[PDB]
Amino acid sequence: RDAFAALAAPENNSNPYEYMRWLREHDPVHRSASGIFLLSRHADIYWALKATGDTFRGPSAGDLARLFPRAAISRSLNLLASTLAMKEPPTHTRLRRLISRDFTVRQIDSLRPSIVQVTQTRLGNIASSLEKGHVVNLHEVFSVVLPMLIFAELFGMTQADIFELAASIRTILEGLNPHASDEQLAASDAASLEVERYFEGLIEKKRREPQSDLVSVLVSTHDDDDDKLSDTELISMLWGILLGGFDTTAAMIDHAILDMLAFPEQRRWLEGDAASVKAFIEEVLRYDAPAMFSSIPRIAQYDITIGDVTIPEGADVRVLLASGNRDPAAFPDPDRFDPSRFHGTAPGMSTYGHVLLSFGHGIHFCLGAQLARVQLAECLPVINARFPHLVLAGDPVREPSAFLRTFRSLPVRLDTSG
């Protein structure tokens, strides 16, 4: 039984956590049919994430060629290979350093007003329909929209552009699936051309007429260090930033709305102070990792042993983040949605000192973790207040993803009771 196929099967597509429990206890260092390993326990996942750099290296040109055989020499794989997620130290260390110099907590906090503004407008667009007793696919009208509009504000782009780029991301990703046709490959390569041309023009525009967005800050001079991302590095950083926030953030919003509706007694957390709202959102992340797996390959630098299981040099190791979040050794009563686990603590850290894994750990820790958290911290209380009697209208329809717990629809309506 291949654990990657077992987790994509329809028998475990709705609730995969019983199978994950089985893995943790019976096959915690699972070797798949492809030879790729999958770690399901919190302890082994934590170790492997923090070892990335010493025990594990990033994917080589040969690794990516094996992982993407149909796109080995494509423009699209070359663009993905250039992203921070696919790099390793010390190159990864400079690039991370340079984007975090300007992609700061202050920068992100300055987006909170836009987050509320977008949420008010989008909810206002559907207020009448909900008031008339109708059903709304909240995923399509809100969850996918808010993250892209916030990216547009962040980068200094138009709404039209970000929605066109998202489509290009869709095409490129379809072009990199292992079963992708020649036609999808060609379509992907043209889109990659499109995306590179767009960012080159966006870079040049902000350089001559800088504004207050992140791209302007990134392309202008800095007082302290004269180091900066070259144009090629900039194109790749902005592309990878968008890829990192594509689907993931929308899924996190969907999951948070679904947790509000399934556990109405927990919506009190969204009505409290900042610390209270953050606690709810941390538990949303622990209860259902929007990203089930790691997509960053982690390659053994030598013959590794976890227990008596050998992971040979050059082997690819992935981690089941969602399973570690439900590991009772790290989170007691793991199947209970309880925001108190993270009330008053540092982000991602439980009151018992255990970290949730939804964002990773170590040197590839999600660059956008704060951006995602702030988007939910601002939009969720606004949703909860505007529609107190919001209820699930039907079963959400899950969207098949290799490693994300995405939704195609999240149908909601207002409770009709005289």
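All residue numbers refer to positions in the sequence shown, first residue = 1.
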Discussion item. Quick check: 75 to 83 versus 174 to 182, which has the larger average CA B-factor in the record?
Written reply: 174 to 182
Discussion item. Quick check on the record: does 369 to 377 or 28 to 36 carry the larger mean Cα temperature factor?
Written reply: 28 to 36
Worksheet item: Per the entry, which of 318, 112, 206, 106 tops the list for Cα B factor?
Response: 206
Worksheet, complete the sentence: The residue of 238, 154, 299, 289 with the maximal C-alpha B-factor according to the PDB record is 289
Discussion item. Which third, lowest, middle or highest, does the C-alpha temperature factor of residue 389 belong to within its own chain?
Written reply: highest
Worksheet, complete the sentence: residue 68: CA B-factor among chain residues, third -> highest
Worksheet entry | Chain-relative CA temperature factor third for residue 92 | lowest
Worksheet item: Looking at the C-alpha B-factor of residue 304, is it in the lowest, middle or highest third of its chain?
Response: middle
Discussion item. Sorting by Cα B-factor within the chain, modelled residues only, which third would residue 52 end up in: lowest, middle or highest?
Written reply: highest
